[PDB]
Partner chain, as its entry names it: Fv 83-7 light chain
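The chain that follows stands alone, in the form deposited without its partner chain, written as structure tokens.
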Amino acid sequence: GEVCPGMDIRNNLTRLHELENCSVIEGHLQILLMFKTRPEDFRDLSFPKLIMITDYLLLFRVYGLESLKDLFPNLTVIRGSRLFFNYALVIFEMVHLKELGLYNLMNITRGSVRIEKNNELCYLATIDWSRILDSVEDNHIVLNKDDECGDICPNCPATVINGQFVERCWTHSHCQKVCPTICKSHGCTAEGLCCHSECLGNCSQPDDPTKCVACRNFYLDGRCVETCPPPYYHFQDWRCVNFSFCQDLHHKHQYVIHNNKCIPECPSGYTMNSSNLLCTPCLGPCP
């Protein structure tokens, strides 16, 4: 599917369908202050093509939304390139949310989770966040129904972490996926076979970098690669783009080339050589 840009959806769900063909959201996704919505508005609303968000996902005051299992069933990675304070996932004052249900979420590459003040929210104690975030120390998961819920799981890969039992499930009908330790963050197939080391979270076939659901490093021409090879540039810290792409952006921020990256603007101490979008340093003061 498409790569869509960061979005900020308020008041109406009309603009939410702009996401219908996205595989990747290159930016953040904020859905907020939806006071007109009811559960019926979300019974037939799904974005099954969405696999990854490069920055953060934020949900605040969205009426009638009871679970995210139908909205984002296949969301596998939130990269956290840019964060909301220090958070890659924010669920705040979500009036009717009964469960997260992000049963395909395998990795949050950078940043923490803040799930606060969700009066109906359950299925939180059942999630092993250590499988998703390296550091759960900065998680702030407080003031939810689950602070007594009666969370009931399908069968799940239950575990004891410290002295705490954690059943590892997202909903009454969805377990949390777990891979052998040898797979690290790469993911595995249903049979436990490791995805390629260039994959992140999941793959359709083992040990094949063209069969990844998402990439650990960079994406190029249906393949996960360690770094962008020439003549390509690193873009948004997840994909390889060509000069012409960076140039088209500039002529539509006015994007520049710097250290094999296509970026919004020249850093301090540099000026942009006009004929080739290239940041050049300033000998003496910058013009």
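Numbering follows the first chain given and starts at 1. The term rigid core refers to the maximal set of C-alpha atoms that superpose within 1.5 Å between the two forms.
There is another form of the same protein, the form deposited with its partner chain bound; it is not shown, and what comes next is about it.
Does at least one non-hydrogen atom of residue 68 fall within 4.5 angstroms of its partner chain in the bound PDB entry? Outside the cut-off, so no.
Is residue 259 close enough to its partner chain in the bound PDB entry to count, meaning some heavy atom within 4.5 Å? Yes, residue 259 sits close enough to its partner chain in the bound PDB entry that at least one of its heavy atoms falls within 4.5 Å.
With the partner left out here, check for me: in the bound PDB entry, does some heavy atom of residue 62 sit within 4.5 Å of its partner chain? Output for residue 62 is no: heavy atoms all beyond 4.5 Å of its partner chain.
With the cut-off set at 4.5 Å between non-hydrogen atoms, does residue 228 touch its partner chain in the bound PDB entry? So residue 228 counts as contacting its partner chain.
Consider the chain as shown here, without its partner, and state which of 235, 232, 47, 255 has a heavy atom within 4.5 Å of its partner chain in the bound PDB entry. After the contact test, the surviving option is 232.
Tell me, with the core superposed, which single residue in 213, 106, 166, 113 has its C-alpha moved by at least 2 Å between this form and the one not shown. After core superposition, the one over threshold is 166.
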